[PDB]
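Chains as they are written, first to last, in the authors' numbering: chain C, 20 to 336; chain E, 20 to 336; chain G, 20 to 336; chain A, 20 to 336; chain B, 169 to 336.
The beta-carbon is built from N, C-alpha and C at its ideal position, and this holds for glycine as well.
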Ligand SMILES: [K+]
């Protein structure tokens, strides 16, 4: 790989040792003339005069052209190899705050619209998935999400969060186990098809589990007659037509520390229905009137975009 | 992406600030000498004389070669990426009067022979379809005809007309709905397999619907005994052996405005059987003898190539 | 496609019209200086002296570098397109004495070992067939053997002979009909699976028909008890272990014109069993003793390589 | 392929014969000037003065640029062809001490972790296998392991050892027969699925046969109640948790030649259970107390990594 | 569908599916039904051997892991693979047997050094499994008990010579 460097150094030395070993001009001007001749710069300050000397000049010119040809050849081969290799995946990830996505479905396409295109890496192995991901605007890594060896290629260790949605619950569980084998602190978000596997996904190590099929089946099984819960669910979580479920935190101080919910009256002040207060990875749905707010708490509620703004400004210090 | 421009500007500045900061020749000739040295032009009008100066010349030459190498590398990488990307589709369309074709069957191959090869764009996603389209002489765009996002890549908004012929009537209806979601005025031409979907294609928004299977089934169901309607249909619409169904418009004035059909006697004058007169997106089959011709009307008839010429010249002003 | 030629001519003109329109040296030396400056040759005989003139030199150098970049870009794009296109087929054939092979099976692989690798063209459309053909040492053309349009890409018109062996007898018959539609004189060699299609292949236009399955089934149906005909067939036609069925023609004169078979006694003279004499596309198996030899006749017999040599030298003039 | 060399020699001759046939300077300086002009070196010592002469210089410059373009074109085409061809296999092997692997399964992936990545060559034909092998870190050769023609591409003749593990026992037997057809001395290591084919693999020519399915079935059929043999087998051969089955040879002399096992007491001295002594391709399990050690014998035993070290140092001279 | 096969009451369950993911899922499902049934699983990859044991498998078999290592050593020597094949796969001449110690057996409390099972019968004693643990190469101070299982390799003749020898 470094043989070409030795070859070109030999040619440069061979050239330099021609002037001094022929006309004996100067051991310093020979070094220069050899460098200007190879780079075709051709000043012409010091040109040969003997027939032997000018013949040696032709030999040096053709040898320099031959060396350049090999130089260009090596580079071109390297560029072709790199481009051909990194086009179909087979490239290690060097980032440290990306988002790794295992598998590609319609659920992972909808979360790509709220995430940066250059920070998400999709880890699959199908060929059509590569084209779909490239059209979507993400980066494709060729590997098996269930393999620990291919999980380190995607740099799961340093990822901000990992989203697991594979073709089957068995594969999802295996991928979660593999990720937890690498990093025990990375955040994992999984999707469950069957109701039986919701607890197994949580036991494997998933931080958050989503059950779209379980939600949709129950919504279908109640909308045959009434169809009012499904309407609320659709208009609040799917379309966000008018209202929206927001989660706004409480800043430092906020002039609302220690104030109870009964004295705050967030509904009567802003118009946002307070569902619960999440204090440190636990959701207290419908907190009592005796609950006291703190710093860093997150308020979960449903309201219009106007009322959400009315609340975020209201809880400011 | 523009780091190389800064690097080369730094090298040029570094070179220029060598003459003045070493030999102090001239702040204007230094700029020149640095440019002729990098482009290997090597005039030689102003060559260095000090050993330090000629060493700096070698340093500048090798640095310029290194900069050129990176320059060539970047370009080559860009060209490889562009060619590799636009070979398999994944390219947005910038035209504004093309013809978009969704799907690829034998029906869309026969309409390619009467259309310009460079104005038709085929929107599919199969790999064999790409080779078939390239052999036919059209442009291939990789996308799903049913997706509104992939429909905008083909630039349906600005297309002259869109031809929809997919693998199923469900896909055809979905594609028509998607196209009408983008543009409500573009002309859509669809093909229907089942007789039940002819009305659904028209309700979705298709301007023209063609039912080859419905026509062929009825032709088969009558040719068991007689086989005379099928012979006429084949020899007039499929082969155009002797006669042909032509639609010639009436130019401005044409010396035939207000003249009734009974007084015109187009059959007795030219020999072309007049089927109907299309006046503004409606076909009046067998117009009455009291019908009065106008300007911009289209005459639909069946005749030999000789009689068609005899009629087009007859209706001229 | 020729815009770059206009651009470079404009740059050359712009350069040439600088010397005369600035320093007014000579309308002939300006043309020269502009050509030596672009090709980085840089003699230096006529270098600028005014600051404006040397600035214009830098402008010309950078413009020439920009023009060269586009020049290299266009070429590279053309080469990439050509290589990428002619790698997967999609290339028209310009030869006029090649051998076209439709389909790829084990039968067409055994006939490749007795034919020149560079004269055979294989016309298929599967991807694995391309790799198999390339490993074998032939040229691959991507097309459908049943399509007349793709048959002209392989240049069947000018082919020496066409060998048809497709996946089914229906496809073989269709390909023969298509070839006969193009050229009514080219030689077609087909292979038949079923016994019912031997006559249909000959009616379609095939010059020679081979029935390996029909031969093998009958050989199997007789070797259950005796197995002596199959042994002869294998050892003479498949392996050519000891003997071989040869067909040697009769040269001009040959000192054997008009001599009857009874007076020639080819068996008693050389040891080759004379099966038949093919005189003008007809095989006379076991010719009578009254048959008279002629010029241009072909002798069909089975003999050892020694006896074949003994006969070819015997029938020489 | 060598036409370009003739073309460039013609251009060089044409250039050289310009000076002497025009200005008649010198038959030696013309050769030089032609070489410096083509390589754009442009010294300028001998520049033309006549208008005709300087026109001829422009003609030579443009002809040299045209020749260079073709030169670059040919090289680029060669590099593209080489890279495109050797990327998907289709490359002959020139090594003489590699390890050829036929087929790719989980068994051949585990033996890649104890072998050098650059000496193993995998011979398959599936496309996914190529990506798997490239990710693993080996070299991929595209061919059919059952074909003798594709077996010579992998250079089985000169291989150190061949490992055969295909999708079926029929394919494994066929590959072994093909390899033995090429080389009768190369070492073959095969894997058997069925118990019926263990003897057929040995009769075909396999030096060593492995039966993972046969071992696992019997281990399953005994672990239903006891499960103690399977525990030993797993912990000694699969995981090598604590102990390990080692095979250490006896060096020259070793101070243990002719010493009987009863007097050596290898178990009482080191702690390694002596299973057997392999003397020349035969395993003597549980050798008698009267057995006498020799030179070049291999000791097979199970022991901890400490006891193995205690034994290897003990048997040293 | 696991309850249709009546896994609850099964004597033992053998899990060998098309993939390690499916094997792990099946083991988890079986352990969800019955926490005491005996599960015997098979592992393809070396990474999943520990995950199968954590899921609840009582015994794990790694045929691919064994065969890969046997292939990776038989390129030059090929003596360990020969022993493994002839003892575990074909059982040509010898065989690895596991014979228990009956009640009393006239060998309770007798140390291995005083028993000398190799010098008496000819069977190489690999280890003694006392209650779901294998003591490979027990010390000379080990004392036999009742219900222990002796693991060794010997000919069918020597196995008979040992089973009759350890009888009361
Ligand atoms: K140059």
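Quick check: the Cα distance between residue i and residue j, rounded to an integer number of angstroms?
i: residue 198 (chain G); j: residue 58 (chain E); result: 59 Å
i: residue 238 (chain A); j: residue 129 (chain A); result: 21 Å
i: residue 272 (chain G); j: residue 282 (chain G); result: 17 Å
i: residue 118 (chain A); j: residue 220 (chain A); result: 20 Å
i: residue 103 (chain C); j: residue 143 (chain A); result: 21 Å
i: residue 39 (chain G); j: residue 45 (chain G); result: 6 Å
i: residue 209 (chain G); j: residue 249 (chain B); result: 54 Å
i: residue 30 (chain C); j: residue 74 (chain C); result: 16 Å
i: residue 37 (chain G); j: residue 27 (chain G); result: 15 Å
i: residue 287 (chain A); j: residue 293 (chain A); result: 11 Å
i: residue 136 (chain G); j: residue 246 (chain G); result: 37 Å
i: residue 42 (chain C); j: residue 81 (chain E); result: 26 Å
i: residue 297 (chain C); j: residue 218 (chain C); result: 22 Å
Quick one: list the residues of chain C neighbouring residue i, beta-carbon separation under 9 Å, in chain order.
i: residue 286 (chain B); result: In chain order: nothing, as chain C lies at least about 43 Å away.
Measuring only between beta-carbons, confirm whether residue i sits less than 7 Å from chain C.
i: residue 230 (chain B); result: no
i: residue 215 (chain B); result: yes
i: residue 64 (chain A); result: yes
i: residue 30 (chain E); result: no
i: residue 77 (chain E); result: yes
Do residue j and residue i count as a contact pair if the criterion is CB distance below 7 Å?
i: residue 205 (chain C); j: residue 181 (chain C); result: yes
i: residue 317 (chain E); j: residue 268 (chain E); result: yes
i: residue 265 (chain A); j: residue 303 (chain A); result: no
i: residue 278 (chain B); j: residue 306 (chain B); result: no
i: residue 108 (chain A); j: residue 140 (chain A); result: no
i: residue 192 (chain E); j: residue 223 (chain E); result: yes
i: residue 320 (chain B); j: residue 291 (chain B); result: yes
i: residue 147 (chain E); j: residue 188 (chain E); result: no
i: residue 122 (chain A); j: residue 184 (chain A); result: yes
i: residue 62 (chain C); j: residue 63 (chain E); result: yes
i: residue 260 (chain A); j: residue 231 (chain B); result: no
i: residue 116 (chain E); j: residue 179 (chain E); result: yes
i: residue 334 (chain E); j: residue 256 (chain E); result: no
i: residue 112 (chain E); j: residue 173 (chain E); result: yes
Just to make sure I have the definition right: I need the residues of chain C whose C-beta is within less than 8 Å of the C-beta of residue i. Which are they?
i: residue 188 (chain B); result: 165 and 193
Return no unless some Cβ of chain A is closer than 7 Å to the Cβ of residue i.
i: residue 268 (chain C); result: no
i: residue 330 (chain B); result: no
i: residue 234 (chain B); result: yes
i: residue 73 (chain C); result: yes
At least one CB of chain G closer than 7 Å to the CB of residue i: is that the case?
i: residue 102 (chain E); result: yes
i: residue 47 (chain E); result: yes
i: residue 82 (chain E); result: no
Counting only Cβ pairs nearer than 7 Å, list the residues of chain E close to residue i.
i: residue 56 (chain G); result: 60
i: residue 34 (chain A); result: By Cβ distance, chain E contributes nothing, its closest Cβ being about 20 Å from residue 34 (chain A), past 7 Å.
Give a yes or no on whether 7 Å exceeds the smallest Cβ distance from residue i to chain B.
i: residue 246 (chain A); result: yes
For residue i, would you say it is in contact with chain E, using Cβ-to-Cβ distances shorter than 7 Å as the test?
i: residue 50 (chain G); result: no
How do the stretch 40-52 of chain A and the stretch 83-96 of chain A stand: do at least 3 beta-carbon pairs fall below 8 Å, yes or no?
no
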